[PDB]
Amino acid sequence: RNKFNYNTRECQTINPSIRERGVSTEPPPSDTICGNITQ
Amino acid sequence: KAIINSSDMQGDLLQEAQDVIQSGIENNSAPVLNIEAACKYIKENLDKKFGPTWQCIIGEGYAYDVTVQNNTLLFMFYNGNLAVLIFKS
């Protein structure tokens, strides 16, 4: 009107996506033997 | 005079085990030696070298029955008649 007409603008940022992923470890295995003593 | 009788582990650790039992013999090589001190030395050395939960056992006539982790077991004999067992658990 008195200040001349303004000018529209646009800006947007980069929005990464949210993912839900779940993984597992495991208890390592073990061995259990029995032996006798030789002569 | 190492005479390996039963092997389960890898040949490198075989060699180092022999070297360590030998060094234990030299640490205690006298009629006043006790197999217990050499046993302490073997177990503690194999701990600080290849990890804890080692177990050293020395004698000539006995009967053990123990649980061992695979590729971590050795039993052997000496011309000096020293039967030596070692194992990790």
# chains A, B, ... in the order shown; residues from 1 in each chain; ligands from 1
>>> interface_residues(of="chain A", to="chain B", cutoff="8 Å", atoms="only C-alpha atoms", output="PyMOL selection string")
chain A and resi 30-39
>>> write_last_selection(atoms="C-alpha atoms", output="compact mmCIF listing (two decimals), in the first residue's frame")
# COMPACT_ATOMS: atom_id res chain seq x y z
CA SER A 30 30.25 -73.62 26.13
CA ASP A 31 31.43 -77.21 26.37
CA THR A 32 31.57 -79.55 29.36
CA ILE A 33 33.63 -82.74 29.11
CA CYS A 34 35.16 -85.23 31.54
CA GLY A 35 38.44 -87.13 31.28
CA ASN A 36 40.47 -89.49 33.45
CA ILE A 37 44.18 -89.37 34.32
CA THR A 38 46.45 -91.88 32.61
CA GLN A 39 49.45 -93.75 33.96
>>> atom_distance(atom1="CA of residue 6 (chain B)", atom2="CA of residue 29 (chain A)")
23.2 Å
>>> closest_residue(among="B:4, B:20, B:73, B:56", to="residue 43 (chain B)", atoms="only C-alpha atoms")
B:56
>>> residues_around(residues="region 29-42 of chain B", least_positions_apart="2", cutoff="9 Å", atoms="only C-alpha atoms", output="mmCIF file with N, CA and C atoms, in the first residue's frame")
data_model
loop_
_atom_site.group_PDB
_atom_site.id
_atom_site.type_symbol
_atom_site.label_atom_id
_atom_site.label_comp_id
_atom_site.auth_asym_id
_atom_site.auth_seq_id
_atom_site.Cartn_x
_atom_site.Cartn_y
_atom_site.Cartn_z
ATOM 1 N N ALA B 17 52.814 -73.801 25.694
ATOM 2 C CA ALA B 17 52.559 -74.602 26.884
ATOM 3 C C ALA B 17 53.780 -75.434 27.247
ATOM 4 N N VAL B 20 56.378 -73.229 28.717
ATOM 5 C CA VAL B 20 56.051 -72.747 30.051
ATOM 6 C C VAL B 20 56.247 -73.846 31.086
ATOM 7 N N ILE B 21 55.851 -75.082 30.772
ATOM 8 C CA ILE B 21 56.103 -76.169 31.719
ATOM 9 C C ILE B 21 57.602 -76.383 31.888
ATOM 10 N N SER B 23 59.968 -73.975 31.596
ATOM 11 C CA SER B 23 60.410 -72.879 32.447
ATOM 12 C C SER B 23 60.021 -73.116 33.898
ATOM 13 N N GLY B 24 58.860 -73.730 34.131
ATOM 14 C CA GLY B 24 58.485 -74.081 35.491
ATOM 15 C C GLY B 24 59.406 -75.121 36.096
ATOM 16 N N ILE B 25 59.819 -76.102 35.290
ATOM 17 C CA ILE B 25 60.796 -77.086 35.753
ATOM 18 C C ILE B 25 62.079 -76.388 36.187
ATOM 19 N N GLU B 26 62.531 -75.417 35.393
ATOM 20 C CA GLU B 26 63.768 -74.720 35.745
ATOM 21 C C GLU B 26 63.572 -73.809 36.953
ATOM 22 N N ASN B 27 62.392 -73.195 37.075
ATOM 23 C CA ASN B 27 62.079 -72.410 38.265
ATOM 24 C C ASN B 27 62.136 -73.277 39.512
ATOM 25 N N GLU B 44 49.392 -69.134 36.216
ATOM 26 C CA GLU B 44 49.431 -67.676 36.197
ATOM 27 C C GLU B 44 50.023 -67.158 34.893
ATOM 28 N N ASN B 45 51.026 -67.855 34.355
ATOM 29 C CA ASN B 45 51.610 -67.448 33.087
ATOM 30 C C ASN B 45 50.597 -67.576 31.963
ATOM 31 N N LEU B 46 49.911 -68.718 31.893
ATOM 32 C CA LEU B 46 48.908 -68.894 30.854
ATOM 33 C C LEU B 46 47.726 -67.953 31.047
ATOM 34 N N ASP B 47 47.475 -67.502 32.279
ATOM 35 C CA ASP B 47 46.502 -66.434 32.482
ATOM 36 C C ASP B 47 46.971 -65.143 31.837
ATOM 37 N N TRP B 54 42.560 -70.568 33.351
ATOM 38 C CA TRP B 54 43.464 -71.680 33.114
ATOM 39 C C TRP B 54 43.519 -72.556 34.358
ATOM 40 N N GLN B 55 44.066 -73.758 34.204
ATOM 41 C CA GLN B 55 44.185 -74.720 35.290
ATOM 42 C C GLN B 55 45.361 -75.636 34.996
ATOM 43 N N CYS B 56 46.340 -75.658 35.898
ATOM 44 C CA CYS B 56 47.519 -76.506 35.765
ATOM 45 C C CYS B 56 47.462 -77.611 36.811
ATOM 46 N N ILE B 57 47.872 -78.818 36.421
ATOM 47 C CA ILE B 57 47.844 -80.004 37.272
ATOM 48 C C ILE B 57 49.066 -80.838 36.920
ATOM 49 N N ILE B 58 49.805 -81.281 37.932
ATOM 50 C CA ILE B 58 51.008 -82.072 37.714
ATOM 51 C C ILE B 58 51.009 -83.249 38.678
ATOM 52 N N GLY B 59 51.477 -84.389 38.188
ATOM 53 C CA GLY B 59 51.602 -85.582 39.003
ATOM 54 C C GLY B 59 52.015 -86.743 38.118
ATOM 55 N N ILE B 86 46.838 -79.568 31.597
ATOM 56 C CA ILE B 86 46.463 -78.160 31.639
ATOM 57 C C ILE B 86 45.152 -78.006 30.884
#
>>> atom_distance(atom1="CA of residue 9 (chain B)", atom2="CA of residue 79 (chain B)")
22.4 Å
